[PDB]
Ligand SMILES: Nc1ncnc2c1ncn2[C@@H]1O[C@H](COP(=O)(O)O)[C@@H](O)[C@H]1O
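Given as structure tokens, the chain that follows is alone and in the form solved without this ligand.
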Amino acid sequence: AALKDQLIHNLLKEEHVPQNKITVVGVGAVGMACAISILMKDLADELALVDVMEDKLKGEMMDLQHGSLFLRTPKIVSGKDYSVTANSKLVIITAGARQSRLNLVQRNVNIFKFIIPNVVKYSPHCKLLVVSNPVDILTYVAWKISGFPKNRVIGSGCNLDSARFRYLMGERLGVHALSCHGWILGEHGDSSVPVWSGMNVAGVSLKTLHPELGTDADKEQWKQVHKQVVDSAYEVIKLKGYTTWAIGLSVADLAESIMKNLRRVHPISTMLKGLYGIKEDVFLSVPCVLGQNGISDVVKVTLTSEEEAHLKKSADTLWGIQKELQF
């Protein structure tokens, strides 16, 4: 008799099915930062990794597995073949091509043309969380290819940039980012919209204390805080070659709202046709209620007409780009 059989008597003959499974697609720096952040938050009972770089993929799986003693996620699997991803509650897309342009978008679209059908094949009921850049466009692409209802296709959107904003705000005010509130909405990147009217500590409107807030006439140049947010990815890439930890943490926080059905409000990109004056099939970041069914509700933020037009402009540019894509 084998030692295992001498030691342990099997009483139950049982099967598989994971109950809180999460898949990360793409094991680059971003994918793996999402992975370790999720593992250390105890968000999943099974974690699947997939990539096309099979050695890298296997090496990352093994490195995570060796840390089992220290985690509470009993199963970590990987493979080039998407069957490893079966029955995921949530699938996180961090795959992309790397730096032309617009031809860069099409190559990412071609990457998605392969990934997304495979994901939906083995997890017809998952939530899709897209992190790949450009995220608003790629999230729309995942949505179109997947055939999912819009509530289940989510883009990381402005979630990290709002967190950065709050950190910088916290630096200026001498309080933790947790206590500093402010929203960056709309199109992820240089065109994102800092909603000066919403910024506050303990319910106290900064814009009201300080009417020049966010304008060129602002002696304190709060406008530059937003630009610092917009530039920070660029600045960090410049220093270390990429970013990982913050985006990883931010993605894990979204996963928490989903897997625990918290219905917290996050600034993430959702298909918002019919809201905010927008008439195109596009994804923009607005405050969304996030739960076990993905995005079920959207907060309607009161915007200035300047903010509204800026949001409509992003929709039209996003749509303009989406028309040139081949599916």
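In this text, the rigid core denotes the largest set of C-alpha atoms whose superposition between the two forms falls within 1.5 Å. Only residues modelled in both forms are compared. In case it trips you up, residue 1 is the first one in the sequence shown, and so on.
Keep in mind that the form solved in complex with this ligand is missing from the display, and what follows is about it.
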{"query": "Complete contact of 253, 260 and 262 with this ligand in the deposited complex (any heavy atom, 4.5 Å)", "finding": "no"}
{"query": "Single option in 81, 231, 212, 171 placed near this ligand in the deposited complex, where near means a heavy atom within 4.5 Å", "finding": "231"}
{"query": "In the deposited complex, residue 218 touching this ligand (heavy atom, 4.5 Å)", "finding": "no"}
{"query": "Partner-facing stretch of 177-185, 202-210, 69-77, 232-240, counted where any non-hydrogen atom is within 4.5 angstroms of this ligand in the deposited complex", "finding": "232-240"}
{"query": "Mobile segments between the shown form and the other one [3+ consecutive residues, each C-alpha shifted 2 angstroms or more, core superposed]", "finding": "100-102"}
